[PDB]
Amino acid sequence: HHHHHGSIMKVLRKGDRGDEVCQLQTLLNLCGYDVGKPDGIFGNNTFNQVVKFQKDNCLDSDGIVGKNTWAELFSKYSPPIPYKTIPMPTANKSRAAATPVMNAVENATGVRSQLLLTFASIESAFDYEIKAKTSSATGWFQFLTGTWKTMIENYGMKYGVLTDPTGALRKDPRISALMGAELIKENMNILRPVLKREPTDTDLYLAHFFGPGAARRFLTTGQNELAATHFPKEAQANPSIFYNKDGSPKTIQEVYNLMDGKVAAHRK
């Protein structure tokens, strides 16, 4: 039930802090129990609302947030933007069918649909069911089971999805696009601080490809420098792009230009 999911949630107490306390406060506000802007720190405002919420619902009202209190929240909260408000595309593997969807997602998350379109194209050529033969990567944005799970717990409620144990919703274009835009948001947010420029699609693809941390260093690590040197895990993971046909390491600029070209093939 919702009890099993609340069962694996972290048991929270006044004094804790982190993504969990953040998910908690969101749910409390989304339940009608105002705690304020979620900050990730379980203080007094949060404690008093938890207690009341527990009393209003006949739960052990001691301020401790366990299985039962979590399940109740997952049960009462009202999703600000249910993913069903995003329309399904009329067809699969179609860029034109995906357009209206990405427009709705842009209105919902703020991320430009041209960008969402480019990514869904490079990742799955618009097949929202495609499942990589070399990994978990599934759907339009080819989400791995790990990253998907993380994305659900941290943004899911916002769209009416608390858990996807199977990771099966990665095949649904609506939720994948929403989650995809949230991922892009985190990344463009990490990159812009260190960049006298608005992150480009290529910049964001690098973050999508090598991780936000990896890309951050890369996007600012000497043009004519040997990439494989600074990015060993990345270089060993994609030798085809980090090394020339003869085995020698390419320069940073060469890796970038190579990537920017892969992206270019999927724009407009």
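The numbering used is simple: start at 1 and walk along the sequence shown.
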- Query: Taking only the CA atoms, which stretch has the higher mean B-factor in the record, 79-87 or 114-122?
  - Reply: 79-87
- Query: Do the CA atoms of 39-47 or those of 206-214 have the higher mean B-factor in the entry?
  - Reply: 39-47
- Message: Quiz for you: based on the deposited Cα B-factor, which of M102, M179, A108, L162 is highest?
- Response: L162
- Task: Please work out which residue in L59, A228, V65, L27 has the highest C-alpha B-factor recorded for this crystal structure.
- Result: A228
- Task: Can you work out whether the C-alpha temperature factor of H2 puts it in the lowest, middle or highest third of the chain?
- Result: highest
- Message: Lowest, middle or highest third: which one holds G139 when the chain's residues are ordered by CA B-factor from the entry?
- Response: middle
- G156: CA B-factor among chain residues, third -> middle
- Message: Where does the C-alpha B-factor of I252 rank in its chain, lowest, middle or highest third?
- Response: middle
- Task: Consider only the C-alpha atoms of the modelled residues in this chain, order them by B-factor as the entry records it, and name the third containing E129: lowest, middle or highest.
- Result: highest
